[PDB]
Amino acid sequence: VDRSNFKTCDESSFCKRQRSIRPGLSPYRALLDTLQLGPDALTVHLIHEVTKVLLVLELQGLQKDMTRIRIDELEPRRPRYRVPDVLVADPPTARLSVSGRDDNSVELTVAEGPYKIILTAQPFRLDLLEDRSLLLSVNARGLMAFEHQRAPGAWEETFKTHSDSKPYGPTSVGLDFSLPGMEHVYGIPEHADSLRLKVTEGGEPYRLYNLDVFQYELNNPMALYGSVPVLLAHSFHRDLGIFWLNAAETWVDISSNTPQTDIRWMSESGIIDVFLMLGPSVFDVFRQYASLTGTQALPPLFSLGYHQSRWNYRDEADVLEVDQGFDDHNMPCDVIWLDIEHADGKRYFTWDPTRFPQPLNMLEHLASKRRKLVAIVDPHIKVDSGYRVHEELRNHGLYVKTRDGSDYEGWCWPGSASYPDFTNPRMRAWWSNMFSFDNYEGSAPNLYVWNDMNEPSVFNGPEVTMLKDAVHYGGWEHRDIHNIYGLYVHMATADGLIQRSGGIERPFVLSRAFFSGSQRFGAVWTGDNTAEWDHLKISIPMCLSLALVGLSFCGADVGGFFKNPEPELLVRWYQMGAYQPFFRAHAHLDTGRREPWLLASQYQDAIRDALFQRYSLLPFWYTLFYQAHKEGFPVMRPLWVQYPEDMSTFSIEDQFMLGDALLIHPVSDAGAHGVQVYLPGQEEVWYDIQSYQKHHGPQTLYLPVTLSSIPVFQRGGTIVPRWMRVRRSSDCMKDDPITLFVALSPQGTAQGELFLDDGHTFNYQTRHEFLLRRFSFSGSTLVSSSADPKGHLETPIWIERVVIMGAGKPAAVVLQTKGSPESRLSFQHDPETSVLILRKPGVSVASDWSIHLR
C-alpha cells in the first residue's frame, strides 16, 4: 500500500485538534436548574465554562438494559446530522426517576432497578451502575469536545491536490468512556488487524472511514472498506458494548490502565449519539444491539454454497465451460460470478454485445444445471449521453452535486462517472425499480447482484473517495453521510431483487462497503486480500470482528485476490473458506486461472474433500443463520463467546466456533506437520469428526495433519444435521434426507435444532411455511419435537441415518412415530471408537418421533 495518499490523524485537522485534548479537568458542567424529566428522556443543559456554549444532553434509559446518550447544541445556527435508516425502530424507553440528589450530583434509577445513572454536575460526568457495581463512566478523563457551529486546516483545508471548502468550519464531536475491570476490547471493523484490539496510545487511532486501499497491508489500523462503530468489552465477570451512532469520519483511541480500558470516539460532524449495552452476558449484548439495528438477513440456501468467481470470465462459452468443469470433475458449485468485464464498457445493467449477446440463454443453461449467477453492479454511472441510466439520473436530478449545483463527476472504471445520491429515497426507489426484469434486460430470477466500489471509490478523489463538500439530499454534506453511502447501495439493491419478484424471493447481494445495519441486506467480504499465508491467517480475526458486530455473512477471497497462490496455499484456503460463512474464490485480472480442477490430482482431491464437507453441513449452516436471523447471535464465534470465563481464550484468533457445536482450527502454515488445538471447557468432551476420537478439555492437543486435514471437532452435548448425499448444487439437495450426528456429553446428553423451508422465499415469514425441529438425547432416548409449532412445511425430507459418538453397543434399537407401529432398526457399532450408527429410521423430518436404545 502507498500510505501517502491516506491521512494520518495528524493530517486530519479535526483528529489533530481532538487528539491534542489530553486527559484532564473537563470544562463542561451540567446546569441542574435546567434539569427536566420528560416522558421518554431526561434533558439537562450543558455549558462550556470558558466559551459559554450551551449544549443539551438527552439521557434515556431503554428497555433491555440499555442507555442512550445524545448531546446537541441548544440553539444551533443550522441543524446537525442525525443518522437515519440505521435503527430499525424507535427504541422503547424505560422511565427514569430521581433517587438521590446533592449540590453537585443527581442519581437516576432506570424503571425500578437495578440500573442507576449518576449525573455529576461539576465537572460533567455520567456513571452507570448495577446496584452498587460501577459498570461504566462517561467523560471520566474529561475528553469531551463539542465544536459548535460558527459564522459560515480548521476551515478551508487541502490534502495533496484536493481542496475541502469546509463551509461550516470545525464541527467535530468527541467523548470518552471508562470500562473498569475490562482488559479486552473487540469490534469497530473493518481493519486488517488482530481480533483483540490494540492500545492506540503510542501510535495511530483506529480509523472508521469507508476507503478503497489498494494492496492493503496487515497489522495496522488504517481504515478499510467498511465501518461499524460498535465496540465490545469482555471480562471474566461481565460483557459490555458501545454503539457510537455517527456516520461521519470517526477515530477511536484505546488506552489501558484496578485493570481498566478507556475508549474515546472522535467524529467530524453530526451529534453525539451513543448506546450503552449493559449485558451482562455477551449474548445479552447481541440481543441489545440486534433490537437497535436488526438481525442478519436470512440468506437463500444457494448463497451458502460455493461461489466460483474471478476477474474475469471471457464470455458465455467460458461461463458454460466453468459450469461443465465442475460436473466433469465432480465438484459442487452453486454460483458463477460475472465481474465488470461482462458489461458494455463498464456501463452497468448492460451486457457486452460480443461476449454476452444472449444472457437469457446463458441464465437458462445455468438454471437447467440448477445453478445461479451473480453480476456486478457498481454505484458509479459512466458520463455518457448514450447511456440510458445516466440520462435518467441526469434528467431527474438524482446525482450527488457540488456546491455550485452541478452534478459531481469523478473517475472510476468507465472513466468519467457520476454518483447517484443513494441517501435520497427517491433515488433508492429508482435504483430498486431498475432491477425489474423489464428494466434490467437480460436478467432472470437466477441472476443476483454484487455491489462493489460503494465506499464510494473515486480514483481522482481525496483518499480515493468523494470530496467532503459534495452535497446530498436535504443539503447535507458528504462528510456528514460518508459511512452509510455503501449501506444505502446495498439496501436499494436488495430491495430491488425483492420487488422484481413481487416481494416473494429473498435477495442475495454482496457489498464491499458497510455500516451498522448492513447485516439486514446480505453479505460482505474483506475486499482485495493477497495470495499469502498471512492473509489466509487474518481472515479469521477479520470476519470474527464482523461477527461480533452483527455482520455474520462474512468471508475473504479464497486463494487471495492479488498474486498467484502456490497449490498448497490454495488447498489450505479452500479448507479455511469451507468453514467460513461466505465461501467464494476470486482473483485479480492478471492472475493465472485457478479453477480447482486445474491443479494436480492430489491438490484437486483435498479441495473436493473440502467442498463436500461444506455441502454436507448446509443444514447446519442454514440453521445457524436462521438463529442469527431470529435472535441476533453470530454464526462464526470467538472461543471466548462460548467460554467467557477461560481467560486463555480471550485473544485466540487461529481458532473459531460455528455456533456452539463445531470448533475449527484450519492449517494455515506451509509444510505444517501438525497443529496445536486448544479444546476448552471443564468437564467438556470434543470429538475429532474424522477419527471419532474423544478428547477431554481443557487441553492443548497436538494433532498431526496431512494435506487433506481440516481439524474440526464436535462438542459433546450437541447434535449436528448433515446432508450426506453431496450433489452438484444446493438446489439439487434441498429435498434430500438428513443424517444426525449426536455427540454425547459426559452426562450422556445432547441437543440440537434444524431449520427447513423452501430455501429461497419469504414464505417462512408471510405464511409460516417452515420447520424448526428440536433434537434431544437423554438417558438412552433420542427425541424429535417441534421447537416452533407455528411452522408447517410440505417436504419429503426424512431421517436416513443417526450417528452417535460416545455410545456403547445396545441390545436393540426401537423407533416410535406418531401414526406408525413401533419399529425395530438395525444398527452397527464400533467398539474401538464407540460410534453407533442407526440404519434408516425412515421417519419424516416433520414428524415427532423417538428412538430408544435398549
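A residue's number is simply how far along the shown sequence it sits, counting from 1.
Asker: Our gap detector needs a label for residue 257 to residue 258. Which class matches the unmodelled residues of the deposited sequence there: none, 1 to 3, 4 to 9, or 10 or more?
Answerer: Missing in between: 10 or more residues.
Asker: Enter the number of deposited residues without atomic coordinates between residue 152 and residue 153, binned as none, 1 to 3, 4 to 9, or 10 or more.
Answerer: According to the record, 10 or more deposited residues lack coordinates from residue 152 to residue 153.
Asker: Tell me which stretch has the larger mean Cα B-factor in this entry, 323-331 or 74-82.
Answerer: Per the PDB record, 74-82.
Asker: If you average the Cα B factors in the entry, which is higher, 403-411 or 283-291?
Answerer: Result: 403-411.
Asker: Between 564, 751, 545, 267, which one tops the list for C-alpha B-factor in the PDB entry?
Answerer: That would be 751.
Asker: Return the residue from 455, 316, 201, 505 that has the highest Cα B-factor in the entry.
Answerer: Of 455, 316, 201, 505, 201 has the highest C-alpha B-factor.
Asker: Divide the modelled residues of the chain into thirds by Cα B-factor and specify which third, lowest, middle or highest, holds residue 761.
Answerer: Tercile = middle for this residue's CA B-factor.
Asker: Which third, lowest, middle or highest, does the CA B-factor of residue 47 fall in along this chain?
Answerer: For residue 47, whose C-alpha B-factor we compare with every modelled residue in the chain, the answer is the highest third.
Asker: Test of reading the entry: by CA B factor among the chain's modelled residues, which third contains residue 797?
Answerer: CA B-factor rank for residue 797: middle third.
Asker: Relative to the other modelled residues in the chain, which third contains the C-alpha temperature factor of residue 236: lowest, middle or highest?
Answerer: Answer is highest: the recorded C-alpha B-factor places it there.
Asker: Using only modelled residues of the chain, where does the Cα B factor of residue 141 rank: lowest third, middle third or highest third?
Answerer: Highest third, going by the recorded CA B-factors of the chain.
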